[PDB]
Amino acid sequence: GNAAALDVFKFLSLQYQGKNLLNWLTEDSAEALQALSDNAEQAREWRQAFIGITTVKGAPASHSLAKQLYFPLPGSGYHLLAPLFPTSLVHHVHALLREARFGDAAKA
RNA sequence: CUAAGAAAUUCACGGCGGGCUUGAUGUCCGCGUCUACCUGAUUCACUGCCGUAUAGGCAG
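Mapping of the first sequence onto the authors' numbering: residues 110 to 217, in sequence order.
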């Protein structure tokens, strides 16, 4: 999304009492859902807003510049298979490779 | 029906100033290389004659 609104991301990914705010706002926790709003309706609308950030926004669409690859079905058929870039996998492999190539134990 | 489908990197350029690498040196003792074979298979498509002949025959 926007590169200037990422402050709410680090505010939402906080670990105040031991774990993330996401699981706190998914469940009906008494500790959460009241520290942010004095009114119940404000708490509800803020909760739906902060939880819908992990859901798909809009209709499912893959652009023309995106890749779509036919895969032949076993019996007389095809599926379209538009793949998305696994940024989580490349981040995890980047962390592993950075540890292997520039880590303290590795360079030792 | 292919991480599908598409694409101009490119213009210009002084690398050179100079220099002692030299001194010395024991390679070395010893040694059983044997045994047994058909080169030759049409392996000399050769020399001469009749005929203008490359066409085609003939002589030892």
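Virtual Cβ for every residue (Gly too), placed ideally from N, Cα, C.
Take residue i and list the residues in its own chain whose beta-carbon comes closer than 8 Å to its own, dropping the five residues that flank it on each side.
i, result
"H188", "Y179, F180, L182"
"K176", "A191, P192"
"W155", "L145, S146"
"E208", "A215"
"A141", "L130, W133, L134"
What number of angstroms, rounded off, separates the C-alpha of residue i from the C-alpha of residue j?
i, j, result
"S171", "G110", "16 Å"
"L206", "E150", "47 Å"
"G167", "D116", "23 Å"
"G127", "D213", "28 Å"
"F118", "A112", "11 Å"
"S173", "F194", "15 Å"
"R153", "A204", "37 Å"
"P169", "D137", "30 Å"
"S197", "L121", "19 Å"
What would DSSP say about residue i, mapped onto helix, strand or coil?
i, result
"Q177", "coil"
"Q126", "coil"
"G161", "helix"
"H188", "strand"
"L131", "helix"
"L121", "helix"
Within the same chain, show all residues whose beta-carbon is closer than 6 Å to that of residue i, passing over the 5 residues directly before and after it, in chain order.
i, result
"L123", "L130"
"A217", "none"
Can you determine whether any heavy atom of the ligand MG sits closer than 7 Å to the C-beta of residue i, and answer yes or no?
i, result
"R210", "As for the ligand MG, it is missing from this structure, which has no ligand bound."
Inter-stretch contact (C-beta, 8 Å, three-pair minimum) for the region 140-152 and the region 162-176: no
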